[PDB]
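To keep things clear, I will list the structure first and then write my remarks on it.
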Amino acid sequence: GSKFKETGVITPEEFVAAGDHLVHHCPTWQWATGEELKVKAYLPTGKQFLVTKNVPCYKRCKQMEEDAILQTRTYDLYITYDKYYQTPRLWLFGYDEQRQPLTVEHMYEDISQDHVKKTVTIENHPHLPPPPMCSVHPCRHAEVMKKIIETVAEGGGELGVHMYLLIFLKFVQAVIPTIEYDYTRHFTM
């Protein structure tokens, strides 16, 4: 009784189970362990969070010259489990062309400013080392989430919570619609 559609809550076993499907559907997703010493007892070391990287973007998500942009970089995604909220979580960390980390303010350029303030936040990884990366806050605004969740009701995708990560990524695209990463890119509907 995940109730992911009713209340939007999943168990750690289901969450970790979901990654198997995500990685299978797209090889870009990989289960990662993170720091061995920071591993969770109730969470399998072999599978603590998903991650996909080296995903470039062709443009930013702001308002500049019609041909301003002219630089390509890469971003890194991560997917952890929040026991408190009991739902899938996603981080966000990028780098410049010189293989150097971007400042928090610069990182925001490739994200909706109206969202970075509330919809998103900056936090340190619970099992990964510094510097700090951007962490999304699920359940914040159920109004927009109801749309992404409503996807399951579309009538395609069975009632398997193992696909929650794929449904979740679609939501994230709305926070980073300028990054061309793999996540089904909408199916049918």
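Following the order of the structure tokens, chains are lettered A, B, ..., residues in each are numbered from 1, and ligands are numbered from 1.
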
Open item on the list: Considering only alpha helix (DSSP H) as DSSP defines it on the backbone, what residues of segment 65-178 of chain A qualify? List them as a PyMOL selection string.
Closed with: chain A and resi 104-107+113-116+142-153+164-173

Open item on the list: List the spatial neighbours of residue 69 of chain A as a PyMOL selection string - criterion: any atom at most 8 Å away, only C-alpha atoms, same-chain residues fewer than 2 positions off excluded.
Closed with: chain A and resi 58-60+65+67+71

Task: Residues near residue 161 of chain A, cut-off 10 Å, only C-alpha atoms, skip fewer than 5 positions along chain, as a VMD selection string - done: chain A and resid 1 to 5 9 to 11 14 to 15 17 to 18 152 166 to 167

Please dump the current selection as a PDB file, in the first residue's frame; keep N, CA, C and O atoms.
ATOM      1  N   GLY A   1       0.861  -1.216   0.000  1.00  0.00           N
ATOM      2  CA  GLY A   1       0.000   0.000   0.000  1.00  0.00           C
ATOM      3  C   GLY A   1       0.880   1.244   0.000  1.00  0.00           C
ATOM      4  O   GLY A   1       0.936   1.977   0.988  1.00  0.00           O
ATOM      5  N   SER A   2       1.565   1.475  -1.114  1.00  0.00           N
ATOM      6  CA  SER A   2       2.440   2.634  -1.241  1.00  0.00           C
ATOM      7  C   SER A   2       1.634   3.931  -1.182  1.00  0.00           C
ATOM      8  O   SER A   2       2.078   4.918  -0.601  1.00  0.00           O
ATOM      9  N   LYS A   3       0.450   3.916  -1.782  1.00  0.00           N
ATOM     10  CA  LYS A   3      -0.417   5.093  -1.795  1.00  0.00           C
ATOM     11  C   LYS A   3       0.248   6.277  -2.507  1.00  0.00           C
ATOM     12  O   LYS A   3      -0.207   7.411  -2.369  1.00  0.00           O
ATOM     13  N   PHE A   4       1.338   6.018  -3.234  1.00  0.00           N
ATOM     14  CA  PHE A   4       2.059   7.097  -3.918  1.00  0.00           C
ATOM     15  C   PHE A   4       1.092   8.037  -4.642  1.00  0.00           C
ATOM     16  O   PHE A   4       1.332   9.239  -4.733  1.00  0.00           O
ATOM     17  N   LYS A   5       0.003   7.490  -5.160  1.00  0.00           N
ATOM     18  CA  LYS A   5      -0.966   8.319  -5.864  1.00  0.00           C
ATOM     19  C   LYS A   5      -1.898   9.023  -4.876  1.00  0.00           C
ATOM     20  O   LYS A   5      -2.317  10.158  -5.106  1.00  0.00           O
ATOM     21  N   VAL A   9       3.672   8.652  -0.754  1.00  0.00           N
ATOM     22  CA  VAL A   9       4.675   8.170   0.197  1.00  0.00           C
ATOM     23  C   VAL A   9       5.152   6.773  -0.200  1.00  0.00           C
ATOM     24  O   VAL A   9       4.349   5.918  -0.562  1.00  0.00           O
ATOM     25  N   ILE A  10       6.459   6.549  -0.146  1.00  0.00           N
ATOM     26  CA  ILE A  10       7.013   5.254  -0.521  1.00  0.00           C
ATOM     27  C   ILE A  10       8.022   4.772   0.517  1.00  0.00           C
ATOM     28  O   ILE A  10       8.662   5.571   1.203  1.00  0.00           O
ATOM     29  N   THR A  11       8.155   3.456   0.611  1.00  0.00           N
ATOM     30  CA  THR A  11       9.084   2.841   1.556  1.00  0.00           C
ATOM     31  C   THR A  11      10.499   2.777   0.970  1.00  0.00           C
ATOM     32  O   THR A  11      10.668   2.769  -0.246  1.00  0.00           O
ATOM     33  N   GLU A  14      10.933   0.064  -1.541  1.00  0.00           N
ATOM     34  CA  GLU A  14      10.293   0.357  -2.817  1.00  0.00           C
ATOM     35  C   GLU A  14      11.111   1.378  -3.597  1.00  0.00           C
ATOM     36  O   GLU A  14      11.254   1.278  -4.816  1.00  0.00           O
ATOM     37  N   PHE A  15      11.649   2.358  -2.880  1.00  0.00           N
ATOM     38  CA  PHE A  15      12.459   3.402  -3.502  1.00  0.00           C
ATOM     39  C   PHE A  15      13.669   2.805  -4.201  1.00  0.00           C
ATOM     40  O   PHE A  15      13.955   3.105  -5.360  1.00  0.00           O
ATOM     41  N   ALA A  17      13.974  -0.199  -4.940  1.00  0.00           N
ATOM     42  CA  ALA A  17      13.464  -1.123  -5.934  1.00  0.00           C
ATOM     43  C   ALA A  17      13.186  -0.368  -7.226  1.00  0.00           C
ATOM     44  O   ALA A  17      13.338  -0.905  -8.324  1.00  0.00           O
ATOM     45  N   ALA A  18      12.752   0.882  -7.074  1.00  0.00           N
ATOM     46  CA  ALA A  18      12.422   1.714  -8.228  1.00  0.00           C
ATOM     47  C   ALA A  18      13.649   1.973  -9.108  1.00  0.00           C
ATOM     48  O   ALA A  18      13.536   2.010 -10.333  1.00  0.00           O
ATOM     49  N   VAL A 152       0.423   9.111 -13.615  1.00  0.00           N
ATOM     50  CA  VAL A 152       0.175   7.692 -13.379  1.00  0.00           C
ATOM     51  C   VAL A 152      -1.272   7.333 -13.726  1.00  0.00           C
ATOM     52  O   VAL A 152      -1.533   6.278 -14.306  1.00  0.00           O
ATOM     53  N   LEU A 166      10.836   7.620 -12.398  1.00  0.00           N
ATOM     54  CA  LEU A 166      10.618   8.142 -13.744  1.00  0.00           C
ATOM     55  C   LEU A 166       9.568   9.242 -13.749  1.00  0.00           C
ATOM     56  O   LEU A 166       9.688  10.228 -14.474  1.00  0.00           O
ATOM     57  N   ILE A 167       8.558   9.074 -12.915  1.00  0.00           N
ATOM     58  CA  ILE A 167       7.508  10.072 -12.813  1.00  0.00           C
ATOM     59  C   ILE A 167       8.070  11.318 -12.129  1.00  0.00           C
ATOM     60  O   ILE A 167       7.741  12.446 -12.495  1.00  0.00           O
TER      61      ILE A 167
END

Open item on the list: Taking 4 positions as the minimum chain separation for residues in the same chain, which residues sit within 9 Å of residue 123 of chain A when counting only C-alpha atoms? Answer as a PyMOL selection string.
Closed with: chain A and resi 91+132-135

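If only C-alpha atoms are the atoms counted, then among A:8, A:138, A:131, A:126 the closest residue to residue 40 of chain A is A:126.
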
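For segment 67-114 of chain A, a DSSP pass over the backbone yields strand (DSSP E) at residues 74, 75, 76, 77, 78, 79, 80, 81, 82, 87, 88, 89, 90, 91, 92, 93, 94 and 95 of chain A.
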
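Of note, atom CA of residue 78 of chain A and atom CA of residue 93 of chain A are spaced 8.5 Å apart.
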
- [ ] Determine the nearest neighbour of residue 176 of chain A from the options A:137, A:125, A:38, A:115, counting only C-alpha atoms.
- [x] A:115

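Minimum atom-to-atom distances from A:37, A:148, A:23, A:175 to residue 116 of chain A were compared using only C-alpha atoms, and the lowest value belongs to A:175.
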